[PDB]
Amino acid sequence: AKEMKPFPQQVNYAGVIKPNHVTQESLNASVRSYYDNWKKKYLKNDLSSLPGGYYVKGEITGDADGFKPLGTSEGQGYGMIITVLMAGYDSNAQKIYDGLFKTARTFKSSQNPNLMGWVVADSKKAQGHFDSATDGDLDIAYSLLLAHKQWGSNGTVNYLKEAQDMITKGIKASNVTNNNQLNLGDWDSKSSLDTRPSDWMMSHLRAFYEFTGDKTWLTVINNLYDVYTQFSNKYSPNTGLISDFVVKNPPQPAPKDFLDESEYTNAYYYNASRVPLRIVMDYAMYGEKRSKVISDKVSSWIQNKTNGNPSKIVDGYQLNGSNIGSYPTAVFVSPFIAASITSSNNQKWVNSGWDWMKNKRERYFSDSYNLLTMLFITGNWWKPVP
């Protein structure tokens, strides 16, 4: 209730196109329907160890330190952003959001208490047991800025204060490196040169700057763009892609089996699949020219690669464009479509992409990122400003 940015905000960012073969009402309806299905299948609030707490159900996975992972901070972040944006439509949005925040702070990191431990498990012993993952905290911290602009911070939860504390005492202190990059988590070194490009949430960092006044965030943004370009000009001159993990300075693709995450950590795989959306949002929301350049390169490449057919996109590519994957999944498809919105000559491709993703349901990872992408390309992911 009392939303100041009620769904649908359906904004028109400068220099960007939306699917135009259907009405905005149709776009909004697709998002509402997708959200209801996503919530029904993934939004949970059954933690015996934390009544009233909410989390997002992830994929079935192996035990972690004797605990059974039910969700992660990554999913917590996606869920928190989605929830604030759907406020105005979902009458219980704020209750759900505060419940997600309760979980985020209860399951605080064992390293930096201002961050969230990466694993949500139903046990009191798991609360404060795990260390952090940079992307989860970035989305969580950013969601608090959205919450502040959505409901204000005068109620039960001081969203703005919580955001500033998490951003400054948490992310800046533990994840911003001395080389002005972002490390992998609060367990990683302050001078670490190991980074995950999907963590380069440019538009989030812009907001961090505006709501804190800390120039550190602008320094990081500018450096990450330099790193992207130096990396791509050497390792992906024809595709404009980046690898799941990046190492060293100058930047290079991480080796295969990096931290044993997967055998494709040196290529454009499941982690990096998210990058196109994170980057393009900076051009749309803040007019960053470097974002449009990076986005157009990737967009043009994937369009030629698939001959304009979104269903021909596969789940994984080598940096030179050769295939790793075999089928179309939303965490790959949707960001490629989002990266194409800065050039009006991509209208047909954007429309086809919308048709492909609008009702695409598969699993936690693709569905969650698909909903975020859909919220953004329909103009329903508004910009939080002081």
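Residues carry their position along the shown sequence, with the first being 1.
Stretches 374-382 and 10-18 differ in mean CA B factor, with 10-18 having the higher one.
In this entry, the higher average B-factor at the C-alpha atoms falls on 235-243, of the pair 271-279 and 235-243. In the PDB entry, the Cα temperature factor peaks, among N323, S30, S49, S334, at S49. When the C-alpha B-factors of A126, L184, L205, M116 are read from the PDB record, the largest value belongs to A126.
Per-chain ranking of the deposited C-alpha B factor places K289 in the highest third. Ranked within its chain, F211 lands in the highest third, by CA B factor from the PDB record.
In the deposited entry, the Cα temperature factor of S343 places it in the highest third of its chain's modelled residues. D122 sits in the highest third of its chain by CA B factor, as recorded in the PDB entry. Per the PDB record, residue ranking by Cα B-factor puts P69 in the highest third of the chain.
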